[PDB]
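Take a look at this single chain, the form deposited without this ligand, given in C-alpha cells.
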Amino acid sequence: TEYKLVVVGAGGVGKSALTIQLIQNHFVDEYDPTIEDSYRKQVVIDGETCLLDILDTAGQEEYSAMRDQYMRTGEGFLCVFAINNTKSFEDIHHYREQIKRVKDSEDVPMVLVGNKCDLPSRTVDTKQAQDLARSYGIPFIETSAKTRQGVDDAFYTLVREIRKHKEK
C-alpha cells in the first residue's frame, strides 16, 4: 500500500540532495513487533507511507541492468533537471518517453522539477519548463536542496498525482 516514488534525471542535478533532504524532514520510527528488532524507519508524505528510489543512467549506472525495472516498479516520478544545466533539461524528454514506454501507459504520475534555483547562473527559464510541463500535462516546480525551497512541495505534489491516479 506504500506509494513508490522514483527520482529520475541526469547526473548531478541534485536527485540525492533532494531525496536526502526529504528523508531528513519526514522519516519516523514505527513500532512493528513482527519484525526483527521491533522498529523500522519509514517516510510519511501527506499521510501516505512512501518508498523512495533514485534512478541514474550514467556514471556507474551506465553498467546497470535495472533501469526498466525501476520504471516498472515506480508509481510516480520526479523528473529533475538543474536550472543551470541546459543539457539536463534537454534530457528530460528521453526519460519521460522511456517511462511511458516501459509502463505502456499515457497516464503516469510525474512532476517536473527544476532544481538548484538558488544559483544565479540560470540557463533554463521558468517559462521553458512550464511550457514543457503543460505539454506533458503535469505540474512543474522549482526547488533548491541548498535553501530548501520547494523540496517538500515537489514530493507532496507527486504524492497527490499518484493519489488521483489510484482513485481512477
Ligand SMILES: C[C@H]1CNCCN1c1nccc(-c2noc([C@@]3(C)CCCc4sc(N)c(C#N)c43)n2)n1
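Position 1 is the first residue in the sequence shown; the rest follow in order.
The protein also exists as the form deposited with this ligand bound; that form is not presented, and the subsequent description refers to it.
- Ligand-free form, site status blocked: this ligand, modelled in by superimposing site C-alphas onto its pose in the deposited bound form, brings 3 or more atoms within 2.4 Å of backbone or C-beta atoms.
- Contact with this ligand in the deposited bound form, defined as a heavy atom within 4.5 Å, holds for exactly one of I45, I138, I99, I141, namely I99.
- Looking at this ligand in the deposited bound form, residues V111, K127 and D131 place no heavy atom within 4.5 Å of it.
- The closest heavy atom approach of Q60 to this ligand in the deposited bound form falls within 4.5 Å.
- The closest heavy atom approach of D68 to this ligand in the deposited bound form falls within 4.5 Å.
- Along 76-101, a non-hydrogen atom within 4.5 Å of this ligand in the deposited bound form is carried by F77, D91, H94, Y95, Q98, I99, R101, in order along the sequence.
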